[PDB]
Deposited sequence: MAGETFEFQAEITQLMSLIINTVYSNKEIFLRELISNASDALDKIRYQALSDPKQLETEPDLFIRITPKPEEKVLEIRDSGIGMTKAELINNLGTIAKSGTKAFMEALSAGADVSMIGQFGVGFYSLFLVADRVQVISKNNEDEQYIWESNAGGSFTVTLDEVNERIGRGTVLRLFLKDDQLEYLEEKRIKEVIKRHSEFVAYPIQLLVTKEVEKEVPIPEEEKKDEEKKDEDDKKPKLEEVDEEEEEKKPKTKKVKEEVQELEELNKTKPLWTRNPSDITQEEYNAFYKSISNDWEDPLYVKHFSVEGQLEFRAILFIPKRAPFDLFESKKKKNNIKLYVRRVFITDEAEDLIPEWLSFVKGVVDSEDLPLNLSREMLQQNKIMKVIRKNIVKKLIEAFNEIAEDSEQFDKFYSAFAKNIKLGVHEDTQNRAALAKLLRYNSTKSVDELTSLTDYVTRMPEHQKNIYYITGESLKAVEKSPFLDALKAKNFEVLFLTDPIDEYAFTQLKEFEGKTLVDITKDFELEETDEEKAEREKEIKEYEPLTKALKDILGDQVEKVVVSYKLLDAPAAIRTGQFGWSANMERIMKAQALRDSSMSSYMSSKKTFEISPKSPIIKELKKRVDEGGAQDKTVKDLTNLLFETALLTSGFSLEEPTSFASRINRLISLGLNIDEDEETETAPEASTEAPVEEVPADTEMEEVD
């Protein structure tokens, strides 16, 4: 067998890397700024041992000069520069990354991290330009010109016509006739704000007015510092830079993880719900913001950035390959945000503004997420019969629980006024049982999945549920039910199939009758919400044996008026009235209004 080294076709590899690698055309600016940043990290590293190399050009900056009169976009940097041998080896060879070679040559204990590791990022500039004119100047060499028209060969010529620069590299990009948009002020600022916003070196842009120098990276990244030394106004300016929001962030959670996977994430909580926002950075370079399994949907209300160095970047640095470390970051983000939510709960003044804007998000997490369902339950705050003045927590609900109460009672509705005076509270108030108030449609969706809190089962009072009772009460209530048995039979066959059964309930002290949904099914509010969604059961008739209306009803039945006209009309009127008090929207509202107009006319002595 004969051995052959692998080869590569150069005339076709250039077309594949330039045209069929990078999706967006504006990515060419991100690679040139990154290369300028890497160059500024080499000369700065040499300044730690020999300051003479830096005194040639002490000002470290990145200057961008658009020229509409010449259709040339110049990008000047004061880095280490490239020698004649480096222009033909590092810049003239595909996949040759001199920046990565400089990283491997660093001493043990260095603190200079660079981005250049592939070696094909320079060729990305030809997406918007036809020919490039790279002007380089190093301390240990002369000033040369690197000119190439994206063909097959490049020309290296001793610079004898351009300006004499001290140190660095100048890149003259002859943009295409159809790519002249990158010479405008708006497009240049857009790419830097998108990809090179947190460069460690000031990026200067020559803006004409009179020509001025515009600093496009005034905001510095805060993930390189400890969260203790960072003040509050610094986090506010950082939030206003990563996001277009105008208000200050309500809360900021800056943590750092080390070990097998290191990443520094600064997560902000806005003041109001924005009804992916987590950006990913790799060494002061924006990668992408389309991470799918990075943060759950119910948690997507927060913003911030995540800087890491172990992310498997692809050739274009526009997306992350399929890996197993993203779910590790996802768990850490959820863990730190839940712990951050507990820190907000420690201050009642701050948690009020947090809950008044992100209540739906917390309740959605209990409905969707299961790993931290019990953890997010500590954040749910609702009103009750004993807390009509403030939003009480589920933990405080257990503290006020008597020794004989073992069920968390709650009630759903459309608003607070519809549940604070509901007749279903008369039974629990007589037994001194606190009942939670639910005013949002998503409240029942959260309790449907929780089902328990600190060993107490969630029980909806609108559903058919039995309450604690003694043998003395059962002996007196059972004999009273059978006396109303002909009445319950009379109320059953009159309504027809509208209800499943007519029973004598003792949980009603003031209302003469009410309607409760069947157990194991949806509630009164749930049926109303499901039928009211723009993108989108069994009832029980209960009567109160202590009200004078029901007492008069059983009298008319015993007289022989089971099919009497007045009894049937009064039963249907009381049935539809109980639907309104229970929260059921009655069908055919004109039949109800017609019966009301009759009683109104009879009240006015109008026959």
query: Deposited-sequence ranges lacking C-alpha coordinates, in sequence order; finding: 1 to 2, 212 to 259, 326 to 334, 596 to 604, 676 to 705
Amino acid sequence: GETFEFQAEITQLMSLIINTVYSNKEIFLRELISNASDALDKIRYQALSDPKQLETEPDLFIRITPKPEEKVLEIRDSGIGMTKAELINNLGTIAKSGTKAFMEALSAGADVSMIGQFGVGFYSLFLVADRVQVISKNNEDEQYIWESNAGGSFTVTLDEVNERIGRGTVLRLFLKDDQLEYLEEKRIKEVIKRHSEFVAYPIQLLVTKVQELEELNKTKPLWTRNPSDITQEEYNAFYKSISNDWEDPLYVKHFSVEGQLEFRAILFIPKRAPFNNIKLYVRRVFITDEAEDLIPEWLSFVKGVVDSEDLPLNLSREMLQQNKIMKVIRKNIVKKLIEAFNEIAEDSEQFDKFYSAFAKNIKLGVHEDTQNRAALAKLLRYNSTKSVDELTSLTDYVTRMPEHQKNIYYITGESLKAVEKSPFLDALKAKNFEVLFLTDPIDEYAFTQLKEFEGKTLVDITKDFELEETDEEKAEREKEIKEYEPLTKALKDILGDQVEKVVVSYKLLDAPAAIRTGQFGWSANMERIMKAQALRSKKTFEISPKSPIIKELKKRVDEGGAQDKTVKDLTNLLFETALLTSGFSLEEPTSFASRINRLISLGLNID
From here on, numbers count along this sequence of modelled residues.
property	result
Check: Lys501 without coordinates in a third or more of other entries	no
Other PDB entries, at least a third, lacking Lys303	no
